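*Asks:* Structure provided below as structure tokens; questions to follow.
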Amino acid sequence: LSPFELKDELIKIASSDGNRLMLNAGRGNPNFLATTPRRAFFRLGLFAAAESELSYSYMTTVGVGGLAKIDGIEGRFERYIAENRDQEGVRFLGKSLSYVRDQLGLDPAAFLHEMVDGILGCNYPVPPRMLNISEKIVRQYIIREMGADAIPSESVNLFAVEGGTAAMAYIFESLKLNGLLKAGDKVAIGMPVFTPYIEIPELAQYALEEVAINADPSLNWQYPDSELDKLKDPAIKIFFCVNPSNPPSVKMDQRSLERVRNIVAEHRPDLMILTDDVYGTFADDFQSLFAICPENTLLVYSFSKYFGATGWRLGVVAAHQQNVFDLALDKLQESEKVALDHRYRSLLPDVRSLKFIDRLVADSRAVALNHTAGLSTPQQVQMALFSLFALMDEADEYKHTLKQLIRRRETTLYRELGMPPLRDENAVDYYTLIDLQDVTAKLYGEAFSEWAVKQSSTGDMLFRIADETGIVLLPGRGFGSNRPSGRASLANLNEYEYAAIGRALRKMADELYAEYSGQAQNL
Amino acid sequence: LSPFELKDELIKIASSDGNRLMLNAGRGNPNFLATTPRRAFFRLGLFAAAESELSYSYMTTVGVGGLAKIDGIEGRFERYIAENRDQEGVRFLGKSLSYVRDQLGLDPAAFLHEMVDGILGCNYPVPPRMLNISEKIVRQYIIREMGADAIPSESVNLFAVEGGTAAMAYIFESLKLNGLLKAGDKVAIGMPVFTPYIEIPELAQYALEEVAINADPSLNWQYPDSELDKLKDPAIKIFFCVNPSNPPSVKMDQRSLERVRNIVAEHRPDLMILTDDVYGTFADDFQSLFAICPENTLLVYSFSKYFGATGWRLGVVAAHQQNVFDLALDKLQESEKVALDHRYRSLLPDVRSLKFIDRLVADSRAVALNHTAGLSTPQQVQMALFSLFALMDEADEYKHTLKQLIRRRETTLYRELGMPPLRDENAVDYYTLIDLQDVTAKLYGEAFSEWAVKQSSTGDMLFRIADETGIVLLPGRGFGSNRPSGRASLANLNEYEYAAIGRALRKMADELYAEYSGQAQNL
Amino acid sequence: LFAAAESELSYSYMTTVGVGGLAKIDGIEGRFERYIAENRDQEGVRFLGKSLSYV
Amino acid sequence: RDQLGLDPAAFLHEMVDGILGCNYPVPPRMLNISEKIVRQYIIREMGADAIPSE
Ligand SMILES: *Cc1c(COP(=O)(O)O)cnc(C)c1O
Ligand SMILES: *Cc1c(COP(=O)(O)O)cnc(C)c1O
């Protein structure tokens with residue numbers, strides 16, 4: 001049948017917000033979430049409300065408060081912390097003050113006030129790009145989880161945005177407005193990638209040409225040298241990539257990372273790299289292209305999956321202080337610079353000094369509104385708390401818990417399918433590939449496996465499952481329609497449901513085997 | 001001296017986030033805030049965290065939770081409410097369930113779950129435009145505070161956005177992408193208005209022509225018929241207006257509202273009205289242009305000032321089900337419709353049916369990302385709580401408290417300036433006009449008043465104050481430089497500070513009077 | 001006392017004056033069960049509890 | 001501290017040392033901050049809406 005037609009139909013046999021999200025946005029919404037940093041947030045909120053009431057000078061029963069005062073805040077916070085040792089979030093808050101004060105060396109009072117004033121949401125974000133201390137806390141978390149083990153923290157700047165969704169919207173419009181990406185420009189895209197990232201560059205607002213950098217199934221979905229080398233083409237202005245990938249769900253290996261490193265150093269020092277690494281924490285020793293080529297990369301990191309915070313809309317765009325986007329802006333034609341000089345005039349005197357990452361902020365809200373732009377303060381505070389939570393968990397227990405949960409769901413799913421496929425060191429598996437050829441092969445041998453692959457189709461497979469379980473899987477994309485296969489997220493369902501997907505597929509395979517047995521036995 | 005030059009200088013003699021906000025964004029950040037709905041929010045958060053932990057099936061000390069279950073939620077919420085009657089926010093939550101259940105007639109379980117799942121921020125907003133029940137709660141609040149006492153609630157749709165700041169950015173880009181506003185188009189602007197709203201239409205992204213609709217000082221800053229009539233010009237595609245106004249801070253009277261009503265009904269049924277009414281709740285019996293011409297108006301309402309929530313970034317764009325923006329989209333050239341048919345193809349089959357307010361959503365995040373667009377769920381939940389708070393306060397006590405606070409600050413400011421100017425029925429006074437002519441006139445008579453106005457200048461006045469108090473006021477704009485005058489917000493400072501502005505200005509006036517006395521006495 | 005509480009949950013507006021609404025029959029058993037369990041040390045409540053069973 | 005703009009610690013100390021009644025009134029005419037608080041009440045209740053506090 002057809003791909004962009006099978007999606008429309010599937011949404012029918014099985015309707016659900018989850019199934020629609022998977023089909024409409026190619027995302028698996030996590031059914032788990034970090035609770036400790038959230039309780040810490042709500043508890044910090046009860047402390048901040050008390051701080052606000054201490055500042056309202058008149059008598060009322062209405063419920064009005066003033067701005068929290070920074071003076072003596074460490075004392076009052078410590079009183080609050082001591083008086084509520086038996087509440088989880090509270091213990092967390094208290095330790096987080098120590099982490100910021102003792103391990104990061106920041107001003108403790110400043111920290112508490114930013115969080116307090118922050119969570120009350122009674123002041124416009126300042127600076128608009130990101131709250132001062134929250135920016136330093138979050139980048140510490142970013143640098144660590146991206147495996148950017150060589151980039152000094154002071155060199156990374158962050159722009160807080162409402163998720164990777166806002167991030168991409170911002171980045172594409174800014175690149176276009178600053179003439180760093182013009183129509184007809186070639187944008188290399190790591191493939192396969194989910195639908196959304198294929199349609200923006202296809203928009204008429206941009207009109208970009210796509211150069212596919214196809215992953216190779218026989219290489220466990222890594223990018224082969226020959227494919228990565230396609231970047232040496234000087235006509236390719238930007239490398240758009242999701243890593244760990246979606247849907248293959250694997251992280252680029254060392255080979256692939258070094259490959260790109262060389263390509264940038266010896267052939268393309270002008271190449272712009274745009275990488276979405278939301279799944280990084282689900283991989284084992286993840287390293288981002290941002291860690292490898294910091295000055296050629298705009299890193300888009302979302303807090304959505306790891307923290308089970310898709311609803312909080314929390315993300316950051318990271319850029320190295322010295323980067324190719326500012327250089328390209330420097331190299332624009334005087335003609336163009338004058339034009340930009342008039343766009344960001346109301347911002348600063350020397351518009352030519354205005355950094356790219358800051359134009360992102362300016363651009364996000366029609367420039368003239370730059371001073372009331374930025375992510376809400378309560379969201380930034382929750383973002384910093386999520387960050388502290390991961391940074392303070394030295395033993396990575398939360399991370400181990402989630403990887404163990406993923407694997408438990410995988411074990412349940414492949415119970416009647418011949419056990420889960422062999423794991424690699426690049427395996428992430430937030431999404432898992434259910435390939436009819438591999439399953440039948442494990443169950444009844446290579447011979448049957450080959451016959452089956454010709455008798456069935458992805459449509460057949462997905463329909464059979466959607467029918468018997470109500471779950472709609474993602475068609476397997478990336479390797480010539482010659483292989484019936486679908487994808488499931490191990491992050492959005494419960495055990496018995498995976499158990500049902502498997503049971504449904506084992507039935508399907510036994511049916512094919514019965515047919516195959518009856519046929520060969522007619523020789 | 002100069003206006004766009006005096007701003008740059010003032011930011012020097014006195015530096016502060018408050019002074020910068022007033023100068024850079026023409027806004028007075030409230031030093032007050034609604035505490036009850038915020039405590040209610042944090043308390044709802046502790047309840048939701050418990051609901052989440054009830055859904056995690058394994059043993060850990062890490063702090064992981066699952067999705068809250070809707071079944072039996074009314075029972076558990078009621079247990080929570082009964083067990084915490086002594087906490088303010090809790091009492092509020094409980095009553096809010098009744099308001100939604102008994103006065104709005106919505107599903108109680110649905111309500112609780114939306115709030116619970118909402119505050120946990122573990123799911124993508126759905127629908128992207130706005131959470132179902134939050135949309136019905138907030139529009140009830142909007143319709144009431146806008147004085148839209150004749151528009152059935154079912155006819156108003158809302159799009160939750162991150163403040164009026166995001167709203168305007170969205171609306172201008174959407175109008176341009178859908179060809180409802182093209183370059184060279186005439187946009188009428190209610191003046192005076194703060195700087196930000198003057199620079200967007202001036203952007204090269206848009207390139208619009210401004211037709212000023214000047215308010216008349218002698219009319220207490222209302223718009224005279226002759227000025228409003230300038231809208232009959234068929235070349236004026238959109239009327240851009242802030243009401244209650246900033247900086248004059250008055251609400252359009254009945255005359256002005258009816259005037260525009262007729263202009264739309266008998267001459268311009270195709271005119272698009274874009275109104276920002278954030279200050280509405282500070283006026284007495286406010287009525288929005290949206291209440292008067294619902295089908296010709298896109299209402300932008302912010303929760304920032306009234307709730308002292310500038311940091312939460314909460315706002316909504318309201319549109320009537322049947323409106324001129326969709327009609328104009330219907331009237332576009334087939335040529336154009338085909339072009340749009342390809343922009344929003346991935347959204348729906350019959351793109352021509354896609355309503356304008358929904359294109360706002362689609363446009364906000366590059367279309368392809370429409371399904372993960374929308375305001376974060378926790379913000380929407382806080383927005384609904386703020387709304388319920390105002391709706392449940394039948395006696396408008398919170399509102400009276402804030403109007404009384406405003407007036408107290410005004411009384412303190414004009415103590416040594418001859419008492420505050422006479423109040424009108426259209427007076428809002430979130431910002432107050434300190435006019436040297438009126439003050440001197442009240443203090444030493446009309447004669448002196450006239451001599452003084454020629455001896456001084458706005459620069460002089462603002463510098464004298466900035467010097468002696470550290471507070472930088474807003475130059476008085478709107479009536480020919482012939483009148484030294486500045487503006488202060490009665491919402492961002494404390495009593496003793498207003499007391500100091502006044503003391504500084506009385507000194508200045510006495511000095512002018514001493515000179516004037518010495519002169520005339522030489523006849 | 002339990003009814004007083006029930007009525008108060010039905011008043012949808014904010015006031016300190018002390019006005020209640022009509023008790024709702026939905027979910028009444030659970031709310032009553034909570035009230036019984038929280039006041040096992042009050043004679044009257046133990047009796048109320050038994051009454052529900054008898055009926 | 002917020003509306004009158006006086007020193008909070010000084011205020012608290014005057015009230016605490018004051019109510020303990022362990023020090024002679026100083027200065028004799030009236031305690032420094034009490035005078036400023038009370039005069040703001042006086043001016044207001046006597047309708048002296050134009051007289052400067054100081
Ligand atoms: C799930 C997902 C995200 C999350 O989008 P947010 O707007 O950040 O919630 C980002 N990128 C990819 C590839 C995803 O799978
Ligand atoms: C203060 C103000 C607002 C608030 O902007 P938000 O982005 O909604 O915080 C809106 N419009 C005007 C005219 C203002 O004065």
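Chain labels follow the order of the structure tokens: the first chain is A, the next B, and so on; residue numbering restarts at 1 in every chain, and ligands are counted from 1 in their shown order.
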Based on only C-alpha atoms, which of the residues in chain C come within 10 Å of chain B? I want them as a PDB file with C-alpha atoms, in the first residue's frame.
*Replies:*
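Final file, iface.pdb:
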```pdb
ATOM      1  CA  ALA C   5     -19.248  20.333  55.590  1.00  0.00           C
ATOM      2  CA  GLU C   8     -20.090  24.172  52.278  1.00  0.00           C
ATOM      3  CA  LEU C   9     -18.446  22.201  49.452  1.00  0.00           C
ATOM      4  CA  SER C  10     -21.448  23.167  47.337  1.00  0.00           C
ATOM      5  CA  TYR C  11     -21.116  26.920  47.703  1.00  0.00           C
ATOM      6  CA  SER C  12     -19.190  28.050  44.624  1.00  0.00           C
ATOM      7  CA  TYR C  13     -18.229  31.574  45.658  1.00  0.00           C
ATOM      8  CA  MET C  14     -15.693  33.076  47.967  1.00  0.00           C
ATOM      9  CA  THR C  15     -17.183  34.613  51.110  1.00  0.00           C
ATOM     10  CA  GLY C  21     -25.188  25.008  48.995  1.00  0.00           C
ATOM     11  CA  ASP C  26     -22.823  11.695  44.089  1.00  0.00           C
ATOM     12  CA  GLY C  27     -19.822  10.296  45.937  1.00  0.00           C
ATOM     13  CA  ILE C  28     -21.648  10.695  49.224  1.00  0.00           C
ATOM     14  CA  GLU C  29     -20.800   7.202  50.521  1.00  0.00           C
ATOM     15  CA  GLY C  30     -17.084   7.712  50.150  1.00  0.00           C
ATOM     16  CA  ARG C  31     -17.109  11.089  51.771  1.00  0.00           C
ATOM     17  CA  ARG C  34     -13.889   9.164  55.259  1.00  0.00           C
ATOM     18  CA  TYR C  35     -15.764  11.093  57.989  1.00  0.00           C
ATOM     19  CA  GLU C  38     -11.511  10.022  60.839  1.00  0.00           C
TER      20      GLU C  38
END
```
*Asks:* Can you tell me, as a PyMOL selection string, what residues are no more than 12 Å from stretch 324-333 of chain A when counting only C-alpha atoms, ignoring any on the same chain fewer than 6 positions away?
*Replies:* chain A and resi 171+174-181+237-238+264+268-274+293-298+339-341+351-360
*Asks:* Would you put the residues from that selection into a file with C-alpha atoms, as a short mmCIF file (atom, residue, chain, number, x, y, z; two decimals), in the first residue's frame?
*Replies:*
```cif
data_model
loop_
_atom_site.label_atom_id
_atom_site.label_comp_id
_atom_site.auth_asym_id
_atom_site.auth_seq_id
_atom_site.Cartn_x
_atom_site.Cartn_y
_atom_site.Cartn_z
CA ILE A 171 16.24 28.58 14.75
CA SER A 174 16.32 33.30 12.63
CA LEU A 175 18.66 31.64 10.15
CA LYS A 176 16.41 32.89 7.35
CA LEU A 177 16.06 36.44 8.68
CA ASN A 178 19.82 36.75 9.14
CA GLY A 179 20.46 35.30 5.72
CA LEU A 180 22.49 32.37 7.01
CA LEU A 181 20.09 30.03 5.23
CA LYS A 237 25.06 24.67 4.30
CA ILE A 238 23.69 22.76 7.28
CA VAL A 264 34.63 19.89 9.57
CA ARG A 268 34.09 22.05 5.91
CA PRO A 269 34.93 24.53 8.69
CA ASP A 270 31.97 26.58 7.47
CA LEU A 271 29.37 23.81 7.92
CA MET A 272 26.53 24.54 10.35
CA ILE A 273 25.42 21.55 12.45
CA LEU A 274 21.89 21.48 13.99
CA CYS A 293 32.32 20.27 17.09
CA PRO A 294 31.18 22.89 19.62
CA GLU A 295 31.81 25.89 17.35
CA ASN A 296 29.90 24.47 14.41
CA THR A 297 26.85 23.33 16.28
CA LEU A 298 23.53 24.62 17.55
CA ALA A 339 19.61 45.73 6.46
CA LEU A 340 20.04 43.81 9.72
CA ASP A 341 21.39 47.00 11.34
CA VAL A 351 24.08 45.66 16.02
CA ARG A 352 27.05 43.96 14.38
CA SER A 353 28.11 42.81 17.80
CA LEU A 354 24.71 41.27 18.61
CA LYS A 355 25.44 37.55 18.88
CA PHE A 356 23.44 34.98 16.93
CA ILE A 357 22.06 33.20 20.00
CA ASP A 358 20.74 36.57 21.10
CA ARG A 359 19.07 37.22 17.73
CA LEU A 360 17.29 33.93 18.40
#
```
*Asks:* What are the closest atom pairs, with distances in Å to one decimal, for all residues of chain B lying within 8 Å of ligand 2? Consider only C-alpha atoms and all ligand atoms, order rows by chain and residue number, and present the result as a Markdown table.
*Replies:*
```
| residue | atom | partner | partner_atom_place_in_ligand_line | distance |
| --- | --- | --- | --- | --- |
| B:26 | CA | ligand 2 | 15 (O) | 6.8 |
| B:27 | CA | ligand 2 | 1 (C) | 4.9 |
| B:28 | CA | ligand 2 | 1 (C) | 6.4 |
| B:29 | CA | ligand 2 | 1 (C) | 7.0 |
| B:162 | CA | ligand 2 | 7 (O) | 6.9 |
| B:163 | CA | ligand 2 | 8 (O) | 3.7 |
| B:164 | CA | ligand 2 | 8 (O) | 3.4 |
| B:165 | CA | ligand 2 | 7 (O) | 3.5 |
| B:166 | CA | ligand 2 | 7 (O) | 6.4 |
| B:167 | CA | ligand 2 | 7 (O) | 7.7 |
| B:193 | CA | ligand 2 | 13 (C) | 7.6 |
| B:194 | CA | ligand 2 | 13 (C) | 6.9 |
| B:242 | CA | ligand 2 | 13 (C) | 5.8 |
| B:243 | CA | ligand 2 | 13 (C) | 7.9 |
| B:245 | CA | ligand 2 | 13 (C) | 7.0 |
| B:246 | CA | ligand 2 | 13 (C) | 5.5 |
| B:247 | CA | ligand 2 | 15 (O) | 7.9 |
| B:276 | CA | ligand 2 | 11 (N) | 6.0 |
| B:277 | CA | ligand 2 | 11 (N) | 7.2 |
| B:278 | CA | ligand 2 | 10 (C) | 5.6 |
| B:279 | CA | ligand 2 | 15 (O) | 7.5 |
| B:301 | CA | ligand 2 | 8 (O) | 7.2 |
| B:302 | CA | ligand 2 | 8 (O) | 4.3 |
| B:303 | CA | ligand 2 | 8 (O) | 6.5 |
| B:304 | CA | ligand 2 | 9 (O) | 5.0 |
| B:305 | CA | ligand 2 | 1 (C) | 6.1 |
| B:309 | CA | ligand 2 | 9 (O) | 7.7 |
| B:310 | CA | ligand 2 | 9 (O) | 4.8 |
| B:311 | CA | ligand 2 | 9 (O) | 7.3 |
| B:313 | CA | ligand 2 | 9 (O) | 5.7 |
| B:314 | CA | ligand 2 | 8 (O) | 6.5 |
| B:315 | CA | ligand 2 | 8 (O) | 5.9 |
```
*Asks:* Quick one: residues within 12 Å of residue D:32, only C-alpha atoms, excluding same-chain residues fewer than 3 positions away - as a list in words?
*Replies:*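 Contacts, in chain order: residues 6, 7, 10, 11, 13, 14, 15, 18, 25, 26, 27, 28, 29, 35, 36, 37, 38 and 39 of chain D.
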*Asks:* Record the distance separating atom CA of residue B:368 and atom CA of residue A:11, expressed in Å with one decimal.
*Replies:*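 Atom-to-atom, atom CA of residue B:368 and atom CA of residue A:11 are spaced 17.5 Å apart.
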*Asks:* List the neighbours of residue B:387 out to 10 Å using only C-alpha atoms; skip same-chain residues closer than 4 positions along the sequence, and give me the result as a PyMOL selection string.
*Replies:* chain B and resi 37+134+137-142+303+307+381-383+391-392
*Asks:* Using only C-alpha atoms, pick whichever of A:68, A:21, A:493, A:189 has the shortest atom-to-atom distance to chain D.
*Replies:*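 Between A:68, A:21, A:493, A:189, the residue approaching chain D most closely is A:68.
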*Asks:* Distance atom CA of residue B:42-atom CA of residue A:45, one decimal place?
*Replies:* 5.8 Å
